[PDB]
$ cat work.txt   # compact mmCIF, C-alpha atoms and all ligand atoms
# COMPACT_ATOMS: atom_id res chain seq x y z
CA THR A 49 -11.86 27.49 2.42
CA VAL A 50 -12.81 23.95 1.37
CA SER A 51 -10.46 21.85 3.51
CA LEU A 52 -8.83 18.71 2.10
CA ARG A 53 -7.07 16.67 4.80
CA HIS A 54 -4.46 14.23 3.50
CA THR A 55 -1.49 12.31 4.90
CA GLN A 56 0.93 12.67 1.96
CA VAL A 57 3.50 14.62 3.94
CA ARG A 58 6.83 12.85 3.28
CA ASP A 59 9.17 14.23 0.62
CA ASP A 60 9.49 10.66 -0.68
CA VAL A 61 5.75 10.66 -1.57
CA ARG A 62 5.94 14.05 -3.32
CA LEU A 63 4.38 12.70 -6.52
CA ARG A 64 1.28 11.66 -4.54
CA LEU A 65 0.93 15.18 -3.10
CA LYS A 66 1.57 16.74 -6.51
CA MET A 67 -1.36 14.65 -7.78
CA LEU A 68 -3.52 16.03 -4.95
CA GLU A 69 -2.45 19.55 -5.97
CA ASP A 70 -3.41 18.83 -9.59
CA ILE A 71 -6.80 17.56 -8.40
CA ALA A 72 -7.18 20.72 -6.28
CA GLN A 73 -6.68 23.15 -9.23
CA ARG A 74 -9.03 21.07 -11.36
CA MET A 75 -11.69 21.36 -8.67
CA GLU A 76 -11.07 25.11 -8.51
CA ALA A 77 -11.40 25.48 -12.29
CA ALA A 78 -14.69 23.56 -12.18
CA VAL A 79 -16.22 25.59 -9.32
CA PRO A 80 -15.75 29.36 -9.74
CA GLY A 81 -14.70 31.12 -6.56
CA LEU A 82 -13.65 27.76 -5.05
CA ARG A 83 -10.45 27.80 -3.00
CA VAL A 84 -9.13 24.37 -1.96
CA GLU A 85 -6.92 24.34 1.12
CA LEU A 86 -4.79 21.20 1.35
CA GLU A 87 -3.64 20.25 4.86
CA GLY A 88 -1.17 17.40 5.29
CA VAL A 89 -1.06 15.63 8.65
CA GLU A 90 1.20 12.67 9.38
CA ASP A 91 -0.71 9.39 8.98
CA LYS A 92 -0.76 8.17 12.60
CA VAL A 93 -1.38 11.70 13.88
CA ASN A 94 -4.32 12.21 11.51
CA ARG A 95 -5.91 8.81 12.00
CA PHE A 96 -5.38 8.14 15.70
CA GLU A 97 -5.52 11.64 17.29
CA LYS A 98 -6.37 14.67 15.13
CA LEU A 99 -9.34 13.36 13.10
CA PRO A 100 -10.96 11.41 15.99
CA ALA A 101 -10.88 14.62 18.01
CA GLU A 102 -12.40 16.70 15.19
CA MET A 103 -15.07 14.05 14.69
CA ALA A 104 -16.02 14.12 18.37
CA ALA A 105 -16.30 17.93 18.36
CA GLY A 106 -18.21 17.84 15.07
CA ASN A 107 -15.78 19.95 12.98
CA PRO A 108 -13.93 17.51 10.69
CA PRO A 109 -12.38 18.76 7.45
CA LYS A 110 -14.66 18.84 4.43
CA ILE A 111 -12.64 16.12 2.66
CA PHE A 112 -10.37 13.86 4.72
CA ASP A 113 -8.14 10.81 4.62
CA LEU A 114 -10.39 8.14 6.15
CA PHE A 115 -10.10 4.41 6.99
CA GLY A 116 -12.88 1.90 6.56
CA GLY A 117 -14.02 -0.59 9.15
CA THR A 118 -13.90 0.57 12.76
CA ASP A 119 -13.16 4.23 12.06
CA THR A 120 -15.87 4.71 9.42
CA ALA A 121 -18.41 2.75 11.50
CA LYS A 122 -17.70 5.03 14.47
CA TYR A 123 -18.16 8.24 12.51
CA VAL A 124 -21.20 6.96 10.64
CA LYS A 125 -22.96 6.13 13.81
CA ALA A 126 -22.24 9.62 15.10
CA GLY A 127 -23.76 11.16 11.96
CA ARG A 128 -20.51 12.72 10.74
CA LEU A 129 -20.12 11.25 7.25
CA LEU A 130 -21.87 12.20 4.03
CA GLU A 131 -23.68 9.26 2.44
CA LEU A 132 -22.35 8.78 -1.08
CA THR A 133 -24.89 6.68 -2.98
CA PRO A 134 -26.72 9.60 -4.70
CA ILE A 135 -23.36 10.97 -5.87
CA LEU A 136 -22.09 7.57 -7.00
CA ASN A 137 -25.23 7.09 -9.10
CA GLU A 138 -24.95 10.55 -10.70
CA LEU A 139 -21.34 9.92 -11.74
CA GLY A 140 -21.84 6.31 -12.85
CA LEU A 141 -19.08 5.11 -10.56
CA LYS A 142 -20.66 2.74 -8.05
CA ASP A 143 -20.03 -0.46 -9.98
CA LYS A 144 -16.51 0.52 -11.01
CA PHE A 145 -15.52 -0.21 -7.35
CA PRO A 146 -15.05 -3.99 -6.89
CA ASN A 147 -15.19 -3.63 -3.09
CA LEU A 148 -16.67 -0.92 -0.84
CA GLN A 149 -17.39 -3.26 2.09
CA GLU A 150 -15.15 -1.45 4.61
CA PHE A 151 -17.08 1.75 3.80
CA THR A 152 -20.59 0.22 3.68
CA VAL A 153 -22.78 0.48 6.80
CA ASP A 154 -26.27 -1.05 6.46
CA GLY A 155 -26.03 -1.03 2.68
CA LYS A 156 -25.06 2.68 2.68
CA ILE A 157 -21.70 4.07 1.56
CA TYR A 158 -19.66 6.63 3.52
CA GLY A 159 -16.19 6.65 1.95
CA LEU A 160 -14.30 5.64 -1.17
CA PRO A 161 -11.00 3.71 -1.17
CA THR A 162 -8.35 5.26 -3.37
CA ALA A 163 -6.13 2.17 -3.35
CA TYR A 164 -6.01 -1.56 -2.98
CA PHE A 165 -3.22 -2.63 -0.62
CA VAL A 166 -1.36 -5.83 0.18
CA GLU A 167 1.22 -6.28 2.93
CA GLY A 168 4.06 -8.75 2.55
CA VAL A 169 7.81 -9.08 2.17
CA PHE A 170 9.80 -6.85 -0.11
CA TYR A 171 13.14 -8.43 -0.91
CA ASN A 172 16.41 -7.69 -2.68
CA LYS A 173 16.92 -10.15 -5.55
CA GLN A 174 20.65 -9.35 -5.68
CA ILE A 175 21.20 -10.02 -1.96
CA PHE A 176 19.32 -13.33 -2.31
CA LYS A 177 21.58 -14.21 -5.26
CA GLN A 178 24.65 -13.36 -3.20
CA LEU A 179 23.46 -15.54 -0.31
CA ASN A 180 22.44 -18.31 -2.78
CA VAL A 181 18.88 -18.58 -1.43
CA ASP A 182 15.52 -18.87 -3.20
CA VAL A 183 12.32 -17.13 -2.12
CA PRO A 184 11.30 -18.72 1.22
CA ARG A 185 7.89 -20.37 1.06
CA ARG A 186 7.67 -21.79 4.59
CA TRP A 187 8.96 -20.88 8.06
CA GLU A 188 12.02 -23.11 8.02
CA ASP A 189 13.07 -21.60 4.68
CA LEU A 190 12.70 -18.12 6.17
CA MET A 191 14.94 -19.02 9.12
CA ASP A 192 17.66 -20.20 6.71
CA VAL A 193 17.40 -17.03 4.60
CA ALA A 194 17.51 -14.80 7.69
CA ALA A 195 20.44 -16.69 9.24
CA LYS A 196 22.46 -16.46 6.00
CA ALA A 197 21.54 -12.80 5.51
CA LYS A 198 22.71 -11.97 9.02
CA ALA A 199 25.86 -14.07 8.68
CA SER A 200 26.81 -11.97 5.63
CA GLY A 201 26.29 -8.65 7.42
CA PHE A 202 22.77 -7.96 6.12
CA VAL A 203 19.85 -7.05 8.33
CA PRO A 204 17.30 -9.82 7.62
CA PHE A 205 14.18 -7.62 8.03
CA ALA A 206 14.53 -3.85 7.78
CA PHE A 207 12.31 -2.71 10.63
CA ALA A 208 11.48 0.51 12.47
CA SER A 209 9.08 0.62 15.44
CA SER A 210 9.09 4.16 16.88
CA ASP A 211 5.74 4.48 15.09
CA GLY A 212 3.81 1.76 16.84
CA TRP A 213 1.52 0.72 13.99
CA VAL A 214 4.55 -0.38 11.94
CA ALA A 215 5.33 -3.22 14.36
CA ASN A 216 1.79 -4.57 13.98
CA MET A 217 2.10 -5.15 10.22
CA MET A 218 4.15 -8.35 10.26
CA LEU A 219 2.49 -9.26 13.55
CA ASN A 220 -0.95 -9.10 11.93
CA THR A 221 0.02 -11.69 9.43
CA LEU A 222 1.94 -13.85 11.87
CA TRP A 223 -0.95 -14.47 14.26
CA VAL A 224 -3.37 -14.83 11.32
CA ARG A 225 -0.97 -17.40 9.86
CA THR A 226 -1.16 -19.41 13.08
CA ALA A 227 -4.77 -18.85 14.19
CA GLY A 228 -6.60 -18.00 10.94
CA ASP A 229 -8.06 -14.71 9.76
CA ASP A 230 -11.30 -15.42 11.65
CA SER A 231 -9.36 -14.78 14.90
CA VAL A 232 -9.73 -11.01 14.61
CA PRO A 233 -13.54 -10.81 14.14
CA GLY A 234 -13.64 -13.47 16.85
CA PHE A 235 -11.84 -11.09 19.23
CA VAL A 236 -14.53 -8.42 18.96
CA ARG A 237 -17.48 -10.83 19.08
CA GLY A 238 -16.11 -12.78 22.06
CA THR A 239 -15.57 -16.15 20.37
CA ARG A 240 -11.77 -15.87 20.15
CA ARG A 241 -9.25 -14.50 22.65
CA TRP A 242 -5.85 -12.84 22.27
CA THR A 243 -4.59 -15.30 24.91
CA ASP A 244 -5.60 -18.38 22.90
CA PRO A 245 -2.59 -20.67 22.19
CA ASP A 246 -3.04 -20.53 18.41
CA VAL A 247 -3.01 -16.71 18.52
CA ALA A 248 -0.02 -16.82 20.91
CA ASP A 249 1.89 -19.08 18.51
CA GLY A 250 2.16 -16.20 16.03
CA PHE A 251 3.24 -13.78 18.77
CA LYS A 252 5.94 -16.24 19.86
CA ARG A 253 7.12 -16.55 16.26
CA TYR A 254 7.41 -12.78 16.07
CA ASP A 255 9.33 -12.79 19.37
CA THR A 256 11.66 -15.43 17.90
CA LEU A 257 12.48 -12.95 15.13
CA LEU A 258 13.24 -10.42 17.86
CA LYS A 259 15.31 -12.91 19.92
CA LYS A 260 17.45 -13.81 16.90
CA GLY A 261 17.94 -10.27 15.63
CA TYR A 262 16.14 -11.05 12.37
CA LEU A 263 13.88 -8.07 12.94
CA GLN A 264 16.29 -5.12 12.86
CA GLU A 265 17.79 -4.49 16.29
CA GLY A 266 17.49 -1.03 17.83
CA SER A 267 14.22 -0.45 15.95
CA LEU A 268 12.45 1.44 18.76
CA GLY A 269 14.46 4.52 17.92
CA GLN A 270 13.59 4.69 14.21
CA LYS A 271 10.59 6.31 12.50
CA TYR A 272 8.69 4.35 9.83
CA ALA A 273 10.63 5.79 6.87
CA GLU A 274 13.93 4.47 8.26
CA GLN A 275 13.02 0.85 7.50
CA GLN A 276 12.44 1.93 3.91
CA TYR A 277 15.79 3.70 3.84
CA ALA A 278 17.56 0.55 5.08
CA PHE A 279 15.90 -1.66 2.48
CA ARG A 280 16.28 0.67 -0.49
CA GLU A 281 19.91 1.43 0.40
CA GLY A 282 20.73 -2.29 0.28
CA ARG A 283 21.43 -2.86 3.98
CA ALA A 284 18.56 -5.30 4.55
CA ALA A 285 17.62 -8.43 2.62
CA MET A 286 13.89 -8.06 3.29
CA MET A 287 11.29 -5.63 4.61
CA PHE A 288 7.70 -6.41 5.59
CA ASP A 289 5.58 -3.48 4.41
CA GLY A 290 2.51 -2.43 2.49
CA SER A 291 2.30 -2.01 -1.26
CA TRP A 292 2.03 1.78 -0.74
CA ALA A 293 5.73 1.68 0.23
CA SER A 294 6.86 1.41 -3.38
CA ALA A 295 6.06 5.14 -3.61
CA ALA A 296 9.32 5.53 -1.63
CA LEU A 297 11.40 2.65 -2.98
CA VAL A 298 12.38 2.29 -6.61
CA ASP A 299 13.44 5.34 -8.63
CA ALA A 300 16.16 7.89 -9.36
CA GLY A 301 19.26 8.68 -7.29
CA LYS A 302 17.93 7.31 -4.01
CA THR A 303 17.70 3.61 -4.74
CA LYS A 304 20.76 1.45 -5.31
CA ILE A 305 18.71 -1.64 -6.00
CA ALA A 306 15.70 -0.53 -8.05
CA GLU A 307 15.33 -3.34 -10.59
CA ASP A 308 16.34 -6.18 -8.29
CA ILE A 309 13.55 -5.31 -5.78
CA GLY A 310 10.90 -8.02 -5.47
CA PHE A 311 7.95 -9.04 -3.30
CA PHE A 312 6.54 -12.30 -1.95
CA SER A 313 3.74 -13.33 0.37
CA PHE A 314 4.91 -14.16 3.89
CA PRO A 315 6.06 -17.80 4.29
CA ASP A 316 3.55 -20.38 5.44
CA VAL A 317 3.91 -21.75 8.98
CA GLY A 318 1.63 -24.80 9.10
CA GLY A 319 -1.28 -23.01 10.71
CA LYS A 320 -4.88 -22.02 10.03
CA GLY A 321 -3.96 -18.92 7.99
CA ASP A 322 -1.54 -20.41 5.47
CA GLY A 323 -2.09 -19.39 1.87
CA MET A 324 -3.61 -16.00 2.73
CA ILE A 325 -2.28 -12.48 2.34
CA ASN A 326 -3.09 -9.26 4.18
CA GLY A 327 -4.88 -6.94 1.77
CA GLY A 328 -8.00 -4.98 1.04
CA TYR A 329 -9.63 -1.68 0.10
CA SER A 330 -9.15 0.17 3.36
CA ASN A 331 -8.02 3.77 2.85
CA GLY A 332 -9.34 6.66 0.79
CA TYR A 333 -11.42 9.78 1.46
CA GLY A 334 -14.58 10.58 3.38
CA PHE A 335 -16.71 13.69 3.23
CA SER A 336 -18.18 15.83 5.99
CA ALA A 337 -21.89 15.49 6.60
CA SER A 338 -21.91 19.32 6.90
CA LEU A 339 -21.50 20.41 3.28
CA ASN A 340 -23.22 23.46 1.84
CA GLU A 341 -23.70 24.02 -1.92
CA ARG A 342 -20.21 25.09 -3.09
CA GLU A 343 -18.71 22.59 -0.64
CA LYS A 344 -20.79 19.73 -1.98
CA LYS A 345 -19.97 20.80 -5.54
CA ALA A 346 -16.28 20.69 -4.57
CA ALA A 347 -16.63 17.24 -3.02
CA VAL A 348 -18.40 15.97 -6.15
CA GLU A 349 -15.64 17.39 -8.34
CA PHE A 350 -13.03 15.80 -6.08
CA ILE A 351 -14.76 12.43 -6.44
CA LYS A 352 -15.06 12.81 -10.21
CA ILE A 353 -11.37 13.61 -10.61
CA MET A 354 -9.73 11.38 -7.97
CA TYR A 355 -11.87 8.31 -8.68
CA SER A 356 -11.17 8.16 -12.39
CA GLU A 357 -9.17 5.82 -14.55
CA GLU A 358 -6.81 8.71 -15.31
CA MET A 359 -5.82 9.25 -11.71
CA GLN A 360 -5.90 5.55 -10.77
CA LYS A 361 -3.50 4.79 -13.63
CA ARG A 362 -1.32 7.81 -12.82
CA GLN A 363 -0.68 6.79 -9.21
CA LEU A 364 -0.03 3.22 -10.35
CA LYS A 365 2.50 4.29 -12.99
CA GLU A 366 4.11 7.05 -10.92
CA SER A 367 4.21 5.48 -7.51
CA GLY A 368 3.14 1.81 -7.66
CA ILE A 369 -0.15 2.28 -5.84
CA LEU A 370 -2.49 -0.56 -6.77
CA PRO A 371 -5.90 0.55 -8.09
CA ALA A 372 -9.03 0.39 -6.01
CA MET A 373 -11.25 0.61 -9.15
CA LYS A 374 -11.72 -1.54 -12.25
CA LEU A 375 -9.25 -0.52 -14.99
CA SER A 376 -9.25 -0.92 -18.78
CA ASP A 377 -5.51 -1.18 -19.48
CA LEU A 378 -3.37 -1.41 -16.30
CA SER A 379 -0.53 -2.74 -18.48
CA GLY A 380 3.18 -1.93 -18.37
CA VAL A 381 4.61 -1.70 -14.83
CA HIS A 382 7.59 -2.57 -12.64
CA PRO A 383 8.25 -6.27 -11.84
CA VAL A 384 7.60 -5.66 -8.12
CA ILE A 385 4.13 -4.56 -9.18
CA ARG A 386 3.45 -7.75 -11.16
CA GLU A 387 4.78 -9.70 -8.19
CA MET A 388 2.35 -7.87 -5.88
CA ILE A 389 -0.64 -8.43 -8.20
CA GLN A 390 0.54 -12.03 -8.50
CA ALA A 391 0.69 -12.36 -4.70
CA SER A 392 -2.74 -10.72 -4.35
CA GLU A 393 -4.42 -13.64 -6.10
CA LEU A 394 -4.35 -15.44 -2.73
CA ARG A 395 -7.20 -15.45 -0.25
CA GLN A 396 -7.26 -12.14 1.58
CA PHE A 397 -7.84 -10.75 5.04
CA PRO A 398 -8.15 -7.09 6.04
CA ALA A 399 -5.82 -5.30 8.42
CA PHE A 400 -6.72 -5.97 12.06
CA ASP A 401 -7.27 -2.23 12.71
CA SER A 402 -10.24 -2.34 10.35
CA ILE A 403 -11.89 -4.83 12.74
CA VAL A 404 -10.76 -4.03 16.31
CA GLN A 405 -11.68 -0.93 18.31
CA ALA A 406 -9.23 1.99 18.53
CA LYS A 407 -8.38 1.29 22.17
CA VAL A 408 -7.42 -2.29 21.32
CA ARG A 409 -5.22 -1.15 18.41
CA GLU A 410 -3.57 1.48 20.63
CA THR A 411 -2.91 -1.10 23.35
CA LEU A 412 -1.38 -3.56 20.88
CA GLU A 413 0.96 -0.80 19.66
CA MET A 414 2.13 0.06 23.16
CA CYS A 415 2.40 -3.60 24.19
CA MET A 416 4.52 -4.46 21.15
CA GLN A 417 6.95 -1.62 21.82
CA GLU A 418 7.36 -3.02 25.34
CA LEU A 419 7.88 -6.49 23.87
CA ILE A 420 10.42 -5.15 21.38
CA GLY A 421 12.14 -3.34 24.26
CA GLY A 422 12.24 -6.56 26.29
CA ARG A 423 10.06 -4.94 28.97
CA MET A 424 7.13 -7.36 28.55
CA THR A 425 6.85 -11.06 27.83
CA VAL A 426 4.47 -12.50 25.25
CA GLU A 427 2.35 -13.73 28.18
CA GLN A 428 2.05 -10.22 29.61
CA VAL A 429 1.18 -8.84 26.16
CA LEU A 430 -1.72 -11.24 25.52
CA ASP A 431 -3.03 -10.98 29.10
CA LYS A 432 -3.26 -7.20 28.64
CA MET A 433 -4.64 -7.45 25.10
CA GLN A 434 -7.44 -9.72 26.25
CA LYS A 435 -8.45 -7.53 29.20
CA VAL A 436 -8.64 -4.47 26.94
CA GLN A 437 -10.50 -6.56 24.36
CA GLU A 438 -13.12 -7.51 26.97
CA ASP A 439 -13.52 -3.87 28.03
CA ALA A 440 -13.82 -2.66 24.43
CA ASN A 441 -16.45 -5.31 23.64
CA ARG A 442 -18.47 -4.22 26.68
CA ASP A 443 -18.15 -0.52 25.73
CA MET A 444 -19.65 -1.16 22.26
CA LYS A 445 -23.10 -1.17 23.97
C1 LIG A 501 -4.34 5.04 -0.13
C2 LIG A 501 -3.04 4.66 0.50
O1 LIG A 501 -2.04 4.40 -0.17
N1 LIG A 501 -3.02 4.63 1.84
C3 LIG A 501 -1.86 4.25 2.63
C4 LIG A 501 -2.30 3.67 3.97
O2 LIG A 501 -3.01 2.46 3.73
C5 LIG A 501 -1.11 3.45 4.91
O3 LIG A 501 -1.63 3.39 6.24
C6 LIG A 501 -1.72 2.08 6.78
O4 LIG A 501 -2.64 1.23 6.05
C7 LIG A 501 -2.78 -0.08 6.60
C8 LIG A 501 -3.70 -0.86 5.68
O5 LIG A 501 -5.03 -0.37 5.72
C9 LIG A 501 -3.29 0.00 8.04
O6 LIG A 501 -3.36 -1.31 8.58
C10 LIG A 501 -2.38 0.88 8.88
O7 LIG A 501 -2.93 1.05 10.17
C11 LIG A 501 -2.22 2.24 8.22
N2 LIG A 501 -1.34 3.10 9.00
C12 LIG A 501 -1.78 4.21 9.62
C13 LIG A 501 -0.76 4.97 10.39
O8 LIG A 501 -2.96 4.57 9.56
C14 LIG A 501 -0.16 4.66 4.90
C15 LIG A 501 1.12 4.48 5.70
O9 LIG A 501 1.75 5.74 5.88
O10 LIG A 501 0.22 5.01 3.57
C16 LIG A 501 -0.92 5.44 2.85
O11 LIG A 501 -0.56 5.99 1.63
$ encode --input "work.txt" --output "structure tokens"
Amino acid sequence: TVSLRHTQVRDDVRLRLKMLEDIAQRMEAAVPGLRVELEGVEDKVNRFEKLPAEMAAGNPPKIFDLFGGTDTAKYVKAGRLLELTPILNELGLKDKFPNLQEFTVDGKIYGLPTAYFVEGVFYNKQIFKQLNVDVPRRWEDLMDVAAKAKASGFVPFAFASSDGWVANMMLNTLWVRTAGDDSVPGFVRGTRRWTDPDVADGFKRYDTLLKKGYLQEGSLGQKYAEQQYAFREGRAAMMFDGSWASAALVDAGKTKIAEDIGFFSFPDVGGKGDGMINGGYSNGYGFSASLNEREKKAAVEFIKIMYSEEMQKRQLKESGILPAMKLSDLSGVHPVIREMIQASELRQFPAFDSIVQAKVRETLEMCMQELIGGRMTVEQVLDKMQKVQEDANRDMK
């Protein structure tokens, strides 16, 4: 009766859903007669089809998994999102968020991130030992690691691209490595182009990984979770992924290689984006603008419970999810988690889909699956990306 849309649908992320269910009872106990109705929708389905449709028709869920940047800006300007500054003041929470920028439109706040993310390279410390390689810090090191991994029968990069957004993760970072993080805002303001040779350098580097079989071959047939299977079952030396992936990686009778799992920032390439890491405060929950009194009370309770040090610590301890809020203790965690916090000290850039329009993101997904399938060249990809980028920029008016 009060709808709570989330994307925690995989069995592997059961602890994250169980936390949502705990939050849902606590809301119900706080608000008599309240009935919370959790609805899980697969991430890409929720974000790129279901929720955009509901927003256009004006009937979004009351509480919903929401992304900052482009998505929030679109629903704000359509009047769909509850402004959260009165509530944040009531609860004393506003300044326990180090970064709400993706959710701030004209100084006003329309969502709350539940996590801080980084994206980089998970690796198997025991496979690296076997191959007698150190952590690769630059491109030519990476090539050596990948060549030795493959020579020994390991997949260099566990990789699955049936879900198109997965292919864009390492890509994001590759073209930002070569062209700098300012390339992506440049795309939407018309001062940088997808076809520019410094952008293209990162695409060609990605294609080199394809051409050498360092990105897992046959990946177009595999759903996102399959790259995590390959890595956690010890078949791949590395996997480029987000920090949220540890919720599916390192516990119990699934994971051969739990303690020898590590993480490093992607090697430098001698380009304008060296020394940076993909990360930010992008994903959390938004709230319908159409809330009545019980509904608002439920949303306030949800905020009070979810955005607390108790729940932030719980999801860190249980599932490795890095906190979006300021914490008191935060101590005692898996090595891979130290290594991620370590790697997050670098200069940061947000995911490209927080900056570009939906149509551009969708086109990059489809273009990369064609590139992975050998059905488009890098030249064709960037030509098409730039045309769509021009159209999107014009349609912003
Ligand atoms: C709070 C949390 O852990 N959210 C995770 C999401 O961030 C993640 O989705 C992906 O996040 C990237 C970083 O913002 C985006 O660039 C990427 O587009 C996005 N993917 C989709 C399909 O929206 C998902 C992955 O399933 O896990 C969440 O738990």
$ residues_near_ligand --input "work.txt" --ligand "ligand LIG 501 (chain A)" --cutoff "6 Å" --atoms "all atoms listed in the file" --output "NGL selection string"
:A and (91-92 or 95 or 162-163 or 213 or 292 or 330-332 or 399 or 401)
$ residues_around --input "work.txt" --residues "residue 317 of chain A" --least-positions-apart "3" --cutoff "9 Å" --atoms "all atoms listed in the file" --output "list in words"
residues 185, 186, 187, 188, 222, 225, 226, 320, 321 and 322 of chain A
$ write_last_selection --input "work.txt" --atoms "C-alpha atoms" --output "short mmCIF file (atom, residue, chain, number, x, y, z; two decimals), in the frame of the given file"
data_model
loop_
_atom_site.label_atom_id
_atom_site.label_comp_id
_atom_site.auth_asym_id
_atom_site.auth_seq_id
_atom_site.Cartn_x
_atom_site.Cartn_y
_atom_site.Cartn_z
CA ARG A 185 7.89 -20.37 1.06
CA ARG A 186 7.67 -21.79 4.59
CA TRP A 187 8.96 -20.88 8.06
CA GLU A 188 12.02 -23.11 8.02
CA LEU A 222 1.94 -13.85 11.87
CA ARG A 225 -0.97 -17.40 9.86
CA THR A 226 -1.16 -19.41 13.08
CA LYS A 320 -4.88 -22.02 10.03
CA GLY A 321 -3.96 -18.92 7.99
CA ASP A 322 -1.54 -20.41 5.47
#
$ atom_distance --input "work.txt" --atom1 "atom CA of residue 57 of chain A" --atom2 "atom CA of residue 329 of chain A"
21.3 Å
$ residues_around --input "work.txt" --residues "residue 132 of chain A" --least-positions-apart "6" --cutoff "12 Å" --atoms "all atoms listed in the file" --output "list in words"
residues 124, 138, 139, 141, 142, 148, 151, 152, 153, 155, 156, 157, 158, 159, 160, 333, 334, 335, 336, 337, 344, 347, 348 and 351 of chain A
$ closest_residue --input "work.txt" --among "A:298, A:324, A:169, A:179" --to "residue 224 of chain A" --atoms "all atoms listed in the file"
A:324
$ closest_residue --input "work.txt" --among "A:192, A:102, A:316, A:60" --to "residue 293 of chain A" --atoms "only C-alpha atoms"
A:60
$ closest_residue --input "work.txt" --among "A:167, A:343, A:265, A:246" --to "residue 325 of chain A" --atoms "all atoms listed in the file"
A:167
$ closest_residue --input "work.txt" --among "A:243, A:210, A:56, A:137" --to "residue 352 of chain A" --atoms "all atoms listed in the file"
A:137
$ residues_around --input "work.txt" --residues "residue 400 of chain A" --least-positions-apart "2" --cutoff "8 Å" --atoms "only C-alpha atoms" --output "VMD selection string"
chain A and resid 220 232 398 402 to 404
$ atom_distance --input "work.txt" --atom1 "atom CA of residue 371 of chain A" --atom2 "atom CA of residue 217 of chain A"
20.8 Å
$ closest_residue --input "work.txt" --among "A:305, A:415, A:378, A:424" --to "residue 173 of chain A" --atoms "only C-alpha atoms"
A:305
$ residues_around --input "work.txt" --residues "residue 242 of chain A" --least-positions-apart "3" --cutoff "8 Å" --atoms "only C-alpha atoms" --output "PyMOL selection string"
chain A and resi 235+247-248+430-431+433-434
$ axis_aligned_box --input "work.txt" --around "segment 403-407 of chain A" --padding-each-side "3 Å" --output "AutoDock Vina command-line options"
--center_x -10.1 --center_y -1.4 --center_z 17.5 --size_x 9.5 --size_y 12.8 --size_z 15.4
$ residues_near_point --input "work.txt" --point "(16.4, -0.1, 2.3)" --cutoff "10 Å" --atoms "all atoms listed in the file" --output "number ranges by chain"
A: 170-172, 203, 205-207, 273-287, 296-297, 302-305
$ atom_distance --input "work.txt" --atom1 "atom CA of residue 221 of chain A" --atom2 "atom CA of residue 326 of chain A"
6.6 Å
$ closest_residue --input "work.txt" --among "A:414, A:346, A:101, A:420" --to "residue 78 of chain A" --atoms "all atoms listed in the file"
A:346
$ decode --input "work.txt" --residues "segment 414-422 of chain A" --atoms "N, CA, C and O atoms" --output "PDB file, in the first residue's frame"
ATOM      1  N   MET A 414      24.329  -0.215 -27.017  1.00  0.00           N
ATOM      2  CA  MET A 414      24.092  -0.988 -28.230  1.00  0.00           C
ATOM      3  C   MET A 414      25.316  -0.987 -29.135  1.00  0.00           C
ATOM      4  O   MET A 414      25.649  -2.014 -29.727  1.00  0.00           O
ATOM      5  N   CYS A 415      25.999   0.155 -29.244  1.00  0.00           N
ATOM      6  CA  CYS A 415      27.205   0.234 -30.061  1.00  0.00           C
ATOM      7  C   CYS A 415      28.302  -0.678 -29.532  1.00  0.00           C
ATOM      8  O   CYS A 415      29.002  -1.324 -30.315  1.00  0.00           O
ATOM      9  N   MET A 416      28.469  -0.755 -28.210  1.00  0.00           N
ATOM     10  CA  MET A 416      29.521  -1.612 -27.668  1.00  0.00           C
ATOM     11  C   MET A 416      29.220  -3.090 -27.846  1.00  0.00           C
ATOM     12  O   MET A 416      30.149  -3.883 -28.053  1.00  0.00           O
ATOM     13  N   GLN A 417      27.953  -3.487 -27.798  1.00  0.00           N
ATOM     14  CA  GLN A 417      27.651  -4.887 -28.089  1.00  0.00           C
ATOM     15  C   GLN A 417      27.959  -5.226 -29.542  1.00  0.00           C
ATOM     16  O   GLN A 417      28.450  -6.323 -29.837  1.00  0.00           O
ATOM     17  N   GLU A 418      27.702  -4.290 -30.462  1.00  0.00           N
ATOM     18  CA  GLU A 418      28.124  -4.483 -31.848  1.00  0.00           C
ATOM     19  C   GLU A 418      29.641  -4.545 -31.963  1.00  0.00           C
ATOM     20  O   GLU A 418      30.182  -5.378 -32.705  1.00  0.00           O
ATOM     21  N   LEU A 419      30.354  -3.681 -31.227  1.00  0.00           N
ATOM     22  CA  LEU A 419      31.815  -3.738 -31.277  1.00  0.00           C
ATOM     23  C   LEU A 419      32.332  -5.051 -30.705  1.00  0.00           C
ATOM     24  O   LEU A 419      33.248  -5.661 -31.261  1.00  0.00           O
ATOM     25  N   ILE A 420      31.749  -5.502 -29.595  1.00  0.00           N
ATOM     26  CA  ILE A 420      32.160  -6.767 -29.000  1.00  0.00           C
ATOM     27  C   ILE A 420      31.852  -7.921 -29.947  1.00  0.00           C
ATOM     28  O   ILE A 420      32.627  -8.876 -30.052  1.00  0.00           O
ATOM     29  N   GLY A 421      30.721  -7.847 -30.663  1.00  0.00           N
ATOM     30  CA  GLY A 421      30.376  -8.842 -31.658  1.00  0.00           C
ATOM     31  C   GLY A 421      31.084  -8.688 -32.992  1.00  0.00           C
ATOM     32  O   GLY A 421      30.731  -9.369 -33.954  1.00  0.00           O
ATOM     33  N   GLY A 422      32.066  -7.797 -33.087  1.00  0.00           N
ATOM     34  CA  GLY A 422      32.769  -7.563 -34.337  1.00  0.00           C
ATOM     35  C   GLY A 422      31.945  -6.949 -35.446  1.00  0.00           C
ATOM     36  O   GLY A 422      32.439  -6.853 -36.575  1.00  0.00           O
TER      37      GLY A 422
END
